[PDB]
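The next block holds one structure in the form of structure tokens; read it before the comments.
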Amino acid sequence: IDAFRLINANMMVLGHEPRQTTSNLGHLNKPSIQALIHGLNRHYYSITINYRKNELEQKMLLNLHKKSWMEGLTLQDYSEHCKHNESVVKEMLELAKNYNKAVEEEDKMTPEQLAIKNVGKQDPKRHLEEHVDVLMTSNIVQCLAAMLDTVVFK
Amino acid sequence: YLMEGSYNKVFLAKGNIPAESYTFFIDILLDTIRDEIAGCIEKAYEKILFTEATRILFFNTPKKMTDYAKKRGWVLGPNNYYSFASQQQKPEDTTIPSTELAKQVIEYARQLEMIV
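Heads up: the sequence lines are chains c and d, in that order.
Sequential numbering of the first sequence, starting at 157, is according to PDB author numbering.
Sequential numbering of the second sequence, starting at 142, is according to PDB author numbering.
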């Protein structure tokens, strides 16, 4: 929101440096090179800003943006939770075979070479610990949410 | 012999007290048999006449059989030890697993996401 305002080209012809800095508040942000290509400091000047906040709006946006209504008190497709759980584990097996593949070129050429070299084909490591987290948070939430309703509902 | 189900052999050791009298101790050994099969008379004993479980312990027909048969069940009947066996009420609870286990799932999630 870099707001500006004109500086006098008359005073530019005078060669007189304007705006008489009396406070360490102006030269804090650094200007963009594209504005330096444009007028910037030959025709106008920069202005620092801030934002006026209160308490009253901050809460009524914070509590009013993304509030799930009763969603976690559901069961999430009770046939297909475990079926999707299969649908990750099945290729997680062969990705674990890649984890039985990628360990076996250690004690080899200088693992920065193992950093430049793994740029064409996927690693089992990061891809593995992805799916472990996905199955974990996929299962535990449905597990507990399945069990609150047995107490709360009779 | 008191460890395993050896019972009549214990009464044979009551037929063999070789060292001295040991009477003050074998009478507490009487009592510790009395509450023992006074307790484990309550098992899956489908029907027994007034002979077998009668004469295994000590007592044929005094009113000591009324003392046990009316202290506990196994009621005095037509030559009958009544096998009462319900064993039905206390199972089929999801709720106590839905309380303890709902505790344990949170106990998983504490040492799963939160750094310690």
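We treat Cβ as the ideally placed atom computed from N, Cα and C, and that holds for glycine.
At least one CB of chain d lies nearer than 8 angstroms to the CB of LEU300(c). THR306(c) and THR236(d) have their C-alpha atoms some 7 angstroms from each other. Look at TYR249(d) here: in three-state DSSP terms it is helix.
In the three-state DSSP reduction, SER224(d) falls in the coil class, being neither helix nor strand. Here DSSP, grouped into helix, strand and coil, assigns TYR207(c) to coil. At a cut-off of 8 angstroms between beta carbons, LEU242(d) contacts chain c. One alpha carbon belongs to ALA165(c), the other to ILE193(c), and they sit about 17 angstroms apart. Residues of chain d whose Cβ lies closer than 9 angstroms to the Cβ of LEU304(c) are, in chain order, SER239 and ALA243. As the crow flies, the alpha-carbon of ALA159(c) is around 29 angstroms from that of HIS221(c). By the Cβ-count criterion, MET265(c) is exposed, with fewer than 16 other Cβ atoms from all chains shown falling within 10 Å of its own Cβ.
Interface with chain c (8 angstroms Cβ-Cβ cutoff): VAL257(d) is excluded. The C-beta of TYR222(d) has 16 or more other C-beta atoms within 10 Å across all chains shown, which makes the residue buried.
Residues of the same chain with a CB within less than 7 angstroms of the CB of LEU190(d), apart from the 5 flanking positions on each side, are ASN220 in chain order. Ranked by how close their Cα comes to the Cα of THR204(c), the residues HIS283(c), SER179(c) and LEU218(c) have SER179(c) in first place. The closest CA to that of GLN245(d), considering only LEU300(c), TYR201(c), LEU196(c) and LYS209(c), is found on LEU300(c). Between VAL244(c) and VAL290(c), the gap from beta carbon to beta carbon is short of 8 angstroms. Annotation: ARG213(d) is outside any beta strand (DSSP E) and is labelled neither H nor E by DSSP. Restricting attention to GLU260(c), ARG198(c) and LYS273(c), the CA atom closest to the CA of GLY171(c) is found in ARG198(c). Neighbours of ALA250(d) in chain c, taken as residues whose beta carbon is under 7 angstroms from its own, are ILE296 in chain order. Non-local beta-carbon contacts of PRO187(c) in its own chain, meaning distances under 8 angstroms to residues more than five positions away in sequence, involve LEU196, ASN197 and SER202 in chain order. At least 8 angstroms separates the beta-carbon of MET303(c) from that of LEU253(d). The beta carbon of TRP215(d) sits closer than 7 angstroms to those of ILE182, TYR222 and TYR223, all from its chain and outside the five residues before and after it, given in chain order. In terms of Cβ geometry, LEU251(c) and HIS283(c) form a close pair [threshold 8 angstroms].
DSSP places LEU196(c) in no beta strand (DSSP E); its state is neither H nor E. In this structure, the beta-carbon distance from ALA154(d) to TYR142(d) falls below 8 angstroms. Secondary structure of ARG175(c) (DSSP, three-state): coil.
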